[PDB]
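# This one's experimental. Sequence and coordinates below.
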Amino acid sequence: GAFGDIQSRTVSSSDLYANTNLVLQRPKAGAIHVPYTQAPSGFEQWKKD
Amino acid sequence: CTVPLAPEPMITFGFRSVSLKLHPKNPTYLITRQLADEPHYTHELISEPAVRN
Amino acid sequence: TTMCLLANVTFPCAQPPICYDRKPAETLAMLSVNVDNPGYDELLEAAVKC
Amino acid sequence: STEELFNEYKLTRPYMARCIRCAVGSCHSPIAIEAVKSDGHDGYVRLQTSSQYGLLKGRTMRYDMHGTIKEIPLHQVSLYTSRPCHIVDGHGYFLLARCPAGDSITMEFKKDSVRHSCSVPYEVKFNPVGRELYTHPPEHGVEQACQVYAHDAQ
Amino acid sequence: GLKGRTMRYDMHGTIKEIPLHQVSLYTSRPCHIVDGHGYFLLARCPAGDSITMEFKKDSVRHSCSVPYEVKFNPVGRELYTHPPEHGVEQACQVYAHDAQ
């Protein structure tokens, strides 16, 4: 939820650090999907600040 | 009815203290109260990222 | 048991003598008088259909 | 079993009433609106109009037009509060839509070259469930109890 | 208006026409054209930031959006967005429907 929740060492580094508070939830009865909950993007919140 | 589910708060513990980092997707009530004879409740609508100690 | 009215006739409410497909205005005037009634739904459902 | 429920609106007729905002000005409308009841949660409103729905015939509107009762299919009738709504079903004088919030409600259909409309200043409102104030209902989450308009005409 | 209710537009030098009930415009919610005379259209609109007048002659959609504010101005000391079904009549000033 803050700046640098995604950290890639260079622009094409192919190794990124992700700490985004991703949590998986239980799907609805009779539905094939992957539900999840996570804190919103901190680069957008940093652009808002 | 299906209702949404807010992100997990990030709880930091201290001596007789609880801090809470709260990143909401859409506006969300935080309702706290103490389990004593004076509850001192707190009904607040948090819409932005906010730290509550 | 509840008896409805059309005239001085306490007919069974589940079996009215008239139906809407054969009498257009007489059944409406039949339902006109039994409005204040616990047994109006039965007379209603039996009054449109036969 | 649906026809014994339905048969009571055979006793009735549509009528022409007064709408203050027609397609041009104030006129006498075939589809004038009596009330818009939106007290359930997820955006379902319940219109009561000057027209009838379902007369048996599946998805049709029945309306008075200067004396001569006419009909059109129900996919020809559109309505919108702020965004476009979605009609679910109709039964007699009543309609079950799914509208977002907005400060008016406008129903309109279109004949071959004549457009009919009725706008009334009635607040249509949206109601979330629980302690998160969404504007559109989500894709997933914990199940919760609510109170919505029933789809059937029971 | 040039014929009862039609609009007359240039198209690459040559002049065409369509009936007016296929022209639609909207500010934030849809509008309703009342009449038109010469270059000037009269409409009835809610408030918004812009206006998009559009029609569709062939399977080719014409549009134009300009960023001009449309505002809704109530009469009296009571501020509404859509005029009421009933009330009292006050002196107001609206654009006259005729063309004199």
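Alright, I've got the coordinates. Numbering: from 1, shown residues only, chains lettered A, B, ... in the order given.

# which ones are touching the closest residue to chain D within chain C?
In chain C, the residue that lies nearest chain D is residue C:48 (4.3 Å; Cβ to the nearest Cβ). For the C-beta atoms, the positions are set from N, CA and C on the backbone; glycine is no exception. Neighbour list for residue C:48: C:19-21, C:27, D:7-8, D:10-11 [criterion: Cβ atoms under 8 Å, 6 or more residues apart in numbering or on different chains].

# could you pull out the helices for chain D?
D:2-6 (DSSP state H).

# Kindly report the residues of it close to chain C.
Proximity of chain D to chain C, by Cβ under 8 Å from any Cβ of the partner chain, involves residues D:4, D:7-8, D:10-11.

# Out of those residues, which is nearest to chain A?
Among those, and counting by Cβ to the nearest Cβ, the member closest to chain A is residue D:4, at 31.9 Å.

# OK, contacts around that closest one?
C:45, C:49.

# next one: residue D:91
Residue D:91 touches D:6, D:9, D:53-54, D:153, counting by Cβ under 8 Å, 6+ apart.

# my read: residue D:3 touches residue D:56, true?
Yes: using Cβ atoms under 8 Å, residue D:3 is in contact with residue D:56, at 6.6 Å.

# in the chain, which spans are strands?
All of this refers to chain A. A:6-8, A:16-18, A:23-24, A:36-37 (DSSP state E).

# Correction: the question concerned chain D.
D:17-19, D:27-29, D:33-37, D:46-53, D:60-65, D:68-73, D:77-80, D:89-96, D:105-110, D:115-120.

# JSON lines for the ones you listed, including distance to residue A:28?
Output for the strands of chain D, formatted as JSON lines (distance: least, Cβ to Cβ, whole Å):
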{"stretch": "strand D:17-19", "distance to residue A:28": "42"}
{"stretch": "strand D:27-29", "distance to residue A:28": "42"}
{"stretch": "strand D:33-37", "distance to residue A:28": "29"}
{"stretch": "strand D:46-53", "distance to residue A:28": "27"}
{"stretch": "strand D:60-65", "distance to residue A:28": "34"}
{"stretch": "strand D:68-73", "distance to residue A:28": "33"}
{"stretch": "strand D:77-80", "distance to residue A:28": "29"}
{"stretch": "strand D:89-96", "distance to residue A:28": "23"}
{"stretch": "strand D:105-110", "distance to residue A:28": "31"}
{"stretch": "strand D:115-120", "distance to residue A:28": "37"}
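
# What count of nearby residues applies to residue D:83?
If you count neighbours by other Cβ atoms under 10 Å in any protein chain shown, residue D:83 ends up with 11.

# List the residues that contact it.
D:99-100, D:102.

# If we use 6 Å, what do you get?
Contacts for residue D:83 (Cβ atoms under 6 Å, 6 or more residues apart in numbering or on different chains) come out as residue D:100.

# Can you give me the distance of it to residue A:39?
With the distance defined as Cβ to Cβ, to the nearest Å, residue D:83 ends up 29 Å from residue A:39.

# do the same with residue D:91
46 Å.

# Tell me, how many residues neighbour whichever residue of chain C sits closest to chain E?
In chain C, the residue that lies nearest chain E is residue C:35 (29.7 Å; Cβ to the nearest Cβ). Residues within reach of residue C:35, counting by other Cβ under 10 Å, total 7.

# Please settle this for me: is it part of a strand?
No: if the criterion is DSSP: H, G, I helix; E, B strand; the rest coil, then residue C:35 is coil and not within a strand.

# Who wins on neighbours among the residues of chain D next to chain C?
That'd be residue D:7 among those, by other Cβ under 10 Å, with 17 neighbours.

# got a list of what it touches?
Neighbouring residues of residue D:7 by Cβ under 6 Å, 6+ apart: residue C:48.

# now do 10 Å
C:20-21, C:44-45, C:47-49, D:56 (Cβ atoms under 10 Å, 6 or more residues apart in numbering or on different chains).

# Tell me the one of those residues nearest residue B:24?
For these, the residue nearest residue B:24 by Cβ to Cβ is residue D:56; the value is 49.9 Å.

# so which of the strands of chain A is the most packed in?
Neighbour counts (mean count of other Cβ atoms under 10 Å in any protein chain shown) averaged over each of the strands of chain A peak at strand A:36-37, with a mean of 14.

# Nearest residue to residue 9 in space, please, no chain neighbours.
Defaulting to chain A. residue A:15 (6.5 Å; Cβ to Cβ, 6 or more residues apart in numbering or on different chains).

# please go with chain D instead
That would be residue D:92: by Cβ to Cβ, 6+ apart, it lies 3.8 Å from residue D:9.

# Next: residue B:41.
residue B:33 (4.0 Å).

# For beta bridges, what are the partners of the residue nearest to residue D:84 when sequence neighbours are not counted?
Of all residues not flanking residue D:84 in the chain, residue D:78 sits nearest, at 6.8 Å (Cβ to Cβ, 6+ apart). Taking DSSP bridges as the rule, residue D:78 bridges to residue D:108.

# How many residues are close by residue D:78?
15.

# where's it relative to chain C, distance?
From residue D:78 over to chain C the distance is 32 Å, taken as Cβ to the nearest Cβ, to the nearest Å.

# Contacts only, for that residue.
Residue D:78 neighbours (Cβ under 10 Å, 6+ apart): D:84-87, D:106-110, D:117.

# Can you give me the neighbour number for the residue in chain C that chain B sits nearest to?
Chain B sits closest to residue C:41 of chain C, with a gap of 31.0 Å, by Cβ to the nearest Cβ. By other Cβ under 10 Å, the residues close to residue C:41 number 10.

# Before I go, just wanted to say thanks for your time.
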